[PDB]
Structure formats: structure tokens, C-alpha cells
Amino acid sequence: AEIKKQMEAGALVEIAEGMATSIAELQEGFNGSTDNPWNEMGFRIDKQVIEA
Amino acid sequence: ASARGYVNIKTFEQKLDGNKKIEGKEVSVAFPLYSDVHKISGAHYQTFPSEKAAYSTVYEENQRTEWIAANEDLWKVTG
Amino acid sequence: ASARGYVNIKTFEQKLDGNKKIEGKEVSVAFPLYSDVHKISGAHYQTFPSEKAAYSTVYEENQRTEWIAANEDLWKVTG
Amino acid sequence: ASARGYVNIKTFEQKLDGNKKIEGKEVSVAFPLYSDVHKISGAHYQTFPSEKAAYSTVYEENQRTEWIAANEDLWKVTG
Amino acid sequence: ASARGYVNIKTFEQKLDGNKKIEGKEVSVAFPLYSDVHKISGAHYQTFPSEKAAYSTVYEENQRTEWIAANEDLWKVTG
Amino acid sequence: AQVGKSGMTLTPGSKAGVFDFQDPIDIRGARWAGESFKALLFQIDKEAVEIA
């Protein structure tokens, strides 16, 4: 609730941004860089059962 | 400030030998200077651009030779 | 006990920074507990199955949150 | 001397565990001795040939087992 | 320095009225600053480019508002 | 985006940035949706004009 009030107020606002090419080019160890891994995703798969 | 932006350079601490370490370091280099000379490759580092220097230690455009020495210093091993 | 078996997980110590380290840790997790939740990826570890907990620290199936906290703790850095 | 040259072996220090280290060592091994036995794989090392021993500790051909022990010792971790 | 050169501005004393004179002034303004804001038109003046400031009073990039005030002040009239 | 229903488009008794359906000033004294929802349409169209 407080966060929403601050958003309405324009005090704290929604933001999104891409990666600097200065970083993406060397992400995950290129040219001796370090501590810069790429983010990743995939899937799970679970189940439910019933009984008469 | 340089008003042309900075390249913010972070060196990650690594060990070299018994009681010999390359200390982590955080410096900012004026873009017009970073882009002129640098020896950072294979250095165990990370870097990003910014409108104002991100770190307390800064190499300004007119400090070319402080920066050259500083690049070499990022490879230096101490106690 | 889990009465089914365990997933035995060992975290190996790493240096992170000057005077900062992530300690190695030994935990046994009930198979169904591990299966349900495990925040372990990129963690510097080894695992194996067993019929009985291989380690002195065991998270039984009905402990749920003790295990989640235990996983977060595998990423914690100390002196 | 071996009178046939040497293989110069240098290893580098490794932080195997919390406050446990494998110190790097500098040894020279008579070429035919090196050739006969050298358990060097995954050792964090460098080698090169030379006409004379490069390092202060040299294993002449007539050593065999002093060398094998010295060789295996390259992997030793101490406090 | 401005590291982009300067625009050197020289004005001449103007006998505007009885007991009224526009003080002649000599200033140097960083090229990008001069370019961004200036009123040098009808100033009874001369200008030129340079590598380094030609005059003792210089307005650098971070002097935006000191320069603007200084610029209007080129027409200030005194005794 | 700018804060709408503010500045030049703000009714003196309004809140600057929010259309309040429970406030008589914004709903122009209206009741039920037959008219309350019209008050909102008026404000929308008023904002479109300010953009022009």
C-alpha cells in the first residue's frame, strides 16, 4: 500500500531498461571479465491425482 | 566532472602466491581517457559506463599518465 | 527420518573477497523435501543419494522452512 | 648433470581449502627421468626443456624414487 | 582546461552616455559553453578560438550560470 | 507521461492527478453510473485537448 501511494505521487516510479553494450559484450567472462553471468530460465513439470 | 561520462572499473581480488594478493580496486576513468589508453584484458574485472564517476578514485581527462600508471597497478601484487 | 531416503549435499568453501569467505557445508535433505524445494544452482557443490542421512545436519520432510532457510544460508559470506 | 638436458617444472600455489594451501614448487628433472615418471596432470603448472637445470632443486637420473616422492609431493596441501 | 578549446571574448570600453561607460572586459569561455549560451551581438567586441584560455578570467564547463551572468555583465554600465 | 488533471486542466476543488468518483467536484454532482461515468468521459476528452 505505501509503495502504491508513492507511485501515485510520482515519488517512486515504474522503470525498465536494457543492458549497456559495454556489459553485454563481455558478459560471463569475455576478455578477462568476471562476476558477470547471464540470467537464465526453463521449466518444471508437476502433477495432481484423484481417486473415485 | 569530465561531463562526457566515465568508465567505472572494478578489479576483483585474486590470490597469486603465498601471502601475495592482487587487491580488489574500484576506479573511475573519464571516458575521453579510458578510450585513449587501457591495459585491462585478462584482468579479472567488471566495468560499466556512467554520467558521473561511480567511485571515489577518479582519473580525469587531463591525468593521462596517472591512469597509465593505474592500469599497471591493477595487476600489482602485494602482501 | 524421511523413511524413503535423502539427498546429500556438500558445499565447498570459496574465497569471495579480502577477509570474506563462503564456508563449506554438509546437509542431508529428505528426498521429498529436496524434490519440493532446492535453491541450489551455481553453488560450488557435490551431491549423492543415500538410504540414511550422510551428514550430522538433517532436514526432515516435515521441516519445510528450516530447509529453505538452510539453502539461503549456502550463499552466505562470513569473515 | 644428466648431460642430456632437463625438464623444468614449476607449480603455482593453490587455495585448496580454508587456510590450506598447496605451495608452488620449482624443480628440475633429468630429461630421461621426467620421461620415465611424471604424475603431472591437473597440477596448475608450467614446464620447459633446458640444457642445464633451471631450478635450485634438481633430480638427477640416479634418483628415481626420490623423484617420484618429490613429484607426488607437488600435490601436497599444508597449513 | 576545457579540453575542447576556448572562445576568447574581448570588449572595448563604450562611451555610452554622460558619466556612463560600459566597462571593457576580457574573458575566455570554454568552447561548448560559449556555443551553448551567449549574447555576443552588439557588444563592441572581437573574438577568436584558442587551445588554452587567452585571458585570466575563464569560464569552464561547470560555470554555466557564472558565465551567463558574466555575459550579461559585459554591458554593465558604470561611472 | 505528464500528470493529467493538473495545472491548466485542474478544477480548483480537485486533487491534481486523480479522478475521484467519490468526490462531487469530479463527478459534477452526479449519482449512479448513468451520469457518474459521463463525468469520467468529460475528463478524458478534456485531457486529449490539452495534449493537442
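Trainee: Could you give an account of the overall build of chain B, with specific residues and numbers?
Mentor: Each helix and strand counted, chain B has two helices and six strands in total. Each helix (α) and strand (β) of chain B, taken in turn from the N terminus, gives the series β-β-β-β-α-β-β-α. Relative to its length of 79 residues, chain B is compact, with a C-alpha radius of gyration of 13 Å against a globular reference of 12 Å. Structurally, chain B occupies a C-alpha span of about 45 × 20 × 20 Å along its principal axes. When each of the 79 residues of chain B is scored for burial, the buried share is 38%. When contacts within chain B are restricted to residue pairs at least 6 apart in sequence, long-range pairs at least 24 apart make up 78% of them. Carbon and sulfur atoms make up 47% of the accessible area of chain B, which amounts to about 4,300 Å² in all.

Trainee: Residues and numbers for the overall build of chain F, please.
Mentor: Assigned secondary structure in chain F consists of one helix and zero strands. Taking 2.2 N^0.38 as the reference for a compact globule, 52 residues should give roughly 10 Å; the C-alpha atoms of chain F span a radius of gyration of 11 Å, in line with that estimate. Each of the three principal axes of chain F carries a C-alpha extent, and together these read 30 × 20 × 15 Å. Considering chain F as a whole, with its 52 residues, one finds that 25% of them fall into the buried category. Taking all contacts inside chain F whose residues are at least 6 apart in sequence as the whole, residues at least 24 apart take part in 22%.

Trainee: Kindly report on the sheet that holds strand β6 (residues 58-59) of chain C, identifying the contributing residues and their values.
Mentor: Pairing is mixed in the open sheet, where four strands are placed in the order β5-β1-β4-β6 (chain C). Taken across any chain shown, the strands that pair with only one partner, and hence form the sheet edges, are β5 (45-50) and β6 of chain C.

Trainee: Lay out the packing of aromatic side chains in plain terms, naming residues and giving numbers.
Mentor: Per the counting criterion, the structure on display carries 10 aromatic pairs over all chains. Centroid distance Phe48(C) to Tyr55(C): 6.0 Å. Interplanar angle 65 degrees. Geometry classified as edge-to-face. One aromatic cluster in this structure is built from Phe19(F), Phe21(F) and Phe37(F). When the ring centre of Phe12(B) is taken as origin, the NZ or CZ atom of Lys10(B), which lies over that ring, is 5.3 Å away.

Trainee: Tell me about the sheet that holds strand β6 (residues 57-59) of chain B, residues and numbers included.
Mentor: To summarise the sheet geometry, strands pair through backbone hydrogen bonds and adopt either a parallel or an antiparallel arrangement. Residue and element names in this part refer to chain B. An order of β5-β1-β4-β6 is seen for the four strands of this open sheet, with the pairing classed as mixed. This sheet does not close on itself; its edge strands, each paired only once, are β5 (45-50) and β6. Between one strand and the next, the sheet's axes are offset by a mean angle of 25 degrees, whatever the strand orientation. Strand direction decides the pairing type here: strand β4 (residues 25-30) and β6, joined by three bridges, are parallel.

Trainee: Before we move on, can you summarise the interface of chain B and chain A with the specific residues and values?
Mentor: Listed by partner, the interface residues are 11 residues for chain B and 11 residues for chain A. Across the chain B/chain A interface, buried area totals approximately 720 Å², and carbon plus sulfur atoms make up 49% of it. In this structure, the connection of chain B to chain A is made through zero salt bridges. Its residues assigned to classes, the side of chain B that touches chain A shows six nonpolar, five polar and no charged.

Trainee: Explain the environment of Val49(F) residue by residue, including any values.
Mentor: Tracing the backbone through its elements, the reader meets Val49(F) in helix α1 (residues 32-51). Separated by 15 residues in the primary sequence, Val49(F) and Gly34(F) have C-alpha atoms spaced 24 Å apart.

Trainee: Outline the pairing of strand β1 (residues 6-11) of chain E, supporting the account with residue identities and numerical values.
Mentor: Residues and elements named next belong to chain E. Along β1, five of the six residues are buried, which leaves the element largely enclosed by surrounding structure. Note: β1 against strand β5 (residues 45-50), six bridges, orientation antiparallel. The residue bridging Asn 8 from the neighbouring strand is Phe 48, located in β5.

Trainee: Which residues make up the pattern of salt bridges, and what are the values?
Mentor: Across all of its chains, the model carries 24 salt bridges over all chains by this definition. Close ionic contact of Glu23(D) with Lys21(D) constitutes a salt bridge, the shortest N to O distance being 3.0 Å. Assessed through its relative accessible area of 38%, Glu23(D) is described here as partly exposed. Overall, the relative accessible area of 22% leaves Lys21(D) in the partly exposed class. For the salt bridge of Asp73(E) with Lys25(E), the shortest nitrogen-to-oxygen distance reads 2.4 Å. In this pair, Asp73(E) is assigned in the loop between α2 (64-72) and β7 (77-78) and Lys25(E) in the loop between β3 (20-22) and β4 (26-30), connecting sequence segments 48 residues apart. Classification of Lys25(E) as buried rests on a relative accessible area of 14%. Residues participating in the shared-partner salt-bridge network are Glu23(E), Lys25(E) and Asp73(E).

Trainee: An account of helix α2 (residues 64-73) of chain B is requested, with residue identities and associated values reported.
Mentor: Those residues of α2(B) not exposed but buried are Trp67(B), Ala70(B) and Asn71(B). Seen along its axis, α2(B) keeps its buried residues to an arc of 105 degrees; they face one direction.

Trainee: Tell me about the nonpolar core, and please be specific about residues and values.
Mentor: All names here are of chain B. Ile 9, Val 29, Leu 33, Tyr 34, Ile 40, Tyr 59 and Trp 67 are the most contacted members of the largest nonpolar core, which has 15 residues in total. Broken down by secondary-structure element, the contributors of at least two residues to this core are β1 (6-11), β4, α1 (31-34) and α2. Dropping the residues within four chain positions of it, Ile 9 is found in contact with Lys 25, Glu 26, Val 27, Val 29, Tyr 34, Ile 40, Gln 46, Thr 47, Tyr 55, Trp 67 and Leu 74.

Each value, and the rule that gives it
- The scheme used for residues numbers each chain from 1 in its written sequence order. That scheme is not guaranteed to match the entry numbering, and residues without coordinates are omitted from view.
- Key to labels: chains lettered from A, ligands numbered from 1, both in the order written.
- Remember that the shown chains come from a larger assembly, so read each value as a statement about the shown part.
- With hydrogens and water set aside, each side-chain value is computed from the structure's full complement of heavy atoms.
- Numbering of helices and strands runs from the N terminus, with a helix taken as a DSSP run of H or I at least four residues long and a strand as a DSSP run of E at least two residues long.
- As defined in this context, the radius of gyration uses C-alpha atoms, and a globule is described by 2.2 Å times the residue total to the power 0.38.
- The buried label applies to any residue whose accessible area, calculated with a 1.4 Å probe on protein chains only, is under 20% of its type's maximum; exposed applies above 50%, and partly exposed to all values in between.
- Residues are treated as being in contact if the distance between any of their heavy atoms lies within 4.5 Å.
- Per-residue accessibility takes into account occlusion by the displayed protein chains alone, with areas from the Shrake-Rupley method and a 1.4 Å probe.
- Two strands pair if DSSP finds at least two bridges between them.
- Only rings of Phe, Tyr and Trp enter the pairing, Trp through its six-membered ring, and a pair is recorded when the two centres are within 6.5 Å. The plane angle decides the type: under 30 degrees is stacked, over 60 is edge-to-face, the rest tilted.
- Whether a charge sits over a ring comes down to the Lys NZ or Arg CZ being within 6 Å of the ring centre and within 35 degrees of the ring normal.
- Think of each axis as a best-fit line through the C-alpha atoms, taken over the contacting stretch in the case of a helix, with angles from 0 to 180 degrees between the N-to-C directions.
- Put simply, buried area is how much 1.4 Å-probe accessible surface two parts lose in total, over both of them, once they are put together.
- In the sections that follow, a salt bridge refers to a side-chain nitrogen of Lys or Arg positioned within 4 Å of a carboxyl oxygen of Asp or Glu.
- Only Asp, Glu, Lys and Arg are considered charged, only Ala, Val, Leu, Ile, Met, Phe, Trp, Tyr, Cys and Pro nonpolar, and every remaining residue, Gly among them, polar.
- Our arc is simply the arc of the directions from the helix axis toward the C-beta atoms.
- Only buried residues count toward a nonpolar core. Its members are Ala, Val, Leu, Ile, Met, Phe, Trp, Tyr and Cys residues joined through side-chain atoms within 4.5 Å.

Geometry only, nothing functional implied.
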